[PDB]
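The chain below stands alone and is given in structure tokens; this is the form deposited in one PDB entry.
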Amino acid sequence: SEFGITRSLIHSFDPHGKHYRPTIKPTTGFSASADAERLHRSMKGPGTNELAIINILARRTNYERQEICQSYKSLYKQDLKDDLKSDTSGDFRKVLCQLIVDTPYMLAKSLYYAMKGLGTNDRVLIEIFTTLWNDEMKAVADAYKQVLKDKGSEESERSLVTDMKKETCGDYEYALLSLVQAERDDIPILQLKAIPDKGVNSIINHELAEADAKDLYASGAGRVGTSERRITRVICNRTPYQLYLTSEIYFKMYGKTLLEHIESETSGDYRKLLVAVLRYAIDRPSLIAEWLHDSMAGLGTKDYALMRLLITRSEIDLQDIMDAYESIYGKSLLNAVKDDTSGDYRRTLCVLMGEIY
């Protein structure tokens, strides 16, 4: 994998140092080989044993999935991704392809489709960029060049940045480019590992949050819109832990929540990006619950958001998101999904959420 054994630990903890809860965790006694073989068995003769496939690929991490792919290749000298692609069809084949691909490639490909169609699917850009930290973003960028090649791009130096709108297009586009640069505030692995011990004071900074609050507060108004970067410089660079602190300080000081301030001072996609990044730090389960809810518009595989989100969030925080969703909507996420989808595609999603078949 290009993402290592796990997504960045930066994503693993709520504002308070509490482990988010995934629906998928590395599999005790995992054997790529065992799984490769079992998958091989599940594709045979007329038809296919779909549930067998699901109960493996939808119960492993991206890293384990890639190990399986590598084991499969080694063994059968065949290609897992293809073997699946030939014996499945429709929506089920679609979700399987999103599953057997390395995460950064699966995201890079979505970014590719969001930009290369008619009109720019910014919702997807915002959705995906919000969820990547520096190293992941870099892996996604590299995956992107590989996607262009896989599409037969004859261009030597086409790139993610190359395909994106120019910073001069506006505040939103500049912020997007800022994030792609992949130079947000980072936390050493040591510190992150220790969050569930020392808590979070070690990785935040009051003098900083307080100063940033002052900057955030003084950013806005008209007459001067010449490169107003302060809001971007803070929201799009501070760690989720630091942003939370800034958020707390800002409300104590000013009497309006930092979120309300953003919603009031910015517009269009720029606002949507800022709101996404901030809520991903201070209000994530709800943010992604809402995203999931919006993704369910009876489109099936016509829109990828639903499966992209379930697949990715399954190994980070999908369970907390499931809980948020029910609180917000009165219906379990599991049921919303059962209602909006069908077939083996549906079964895959339910298993990703922890359902058993």
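Residues that one form lacks are left out of the comparison. Residue numbers run from 1 along the displayed sequence. In this text, rigid core is short for the largest set of C-alphas that superpose within 1.5 Å between two forms.
Keep in mind that the form deposited in another entry is missing from the display, and what follows is about it.
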### Task
Using the rigid core as the fixed frame, list which single one of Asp150, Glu167, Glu248, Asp163 shifts its Cα by at least 2 angstroms between this form and the one not shown.
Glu167
### Message
Could you check, with the core superposed, whether the Cα atom of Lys302 shifts 2 Å or more between this form and the one not shown?
### Response
yes
### Summary
Distance flag for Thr168 and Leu148 (Cα, change 3 Å or more) in the other form: the two residues are closer
#### Entry: Closer or farther: C-alpha pair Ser295/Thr301 in the other form, relative to this form, given a change of 3 Å or more
closer
### Task
Once the core is lined up, would you list the consecutive runs of at least three residues whose Cα atoms each shift 2 Å or more between this form and the one not shown?
165 to 169, 297 to 303
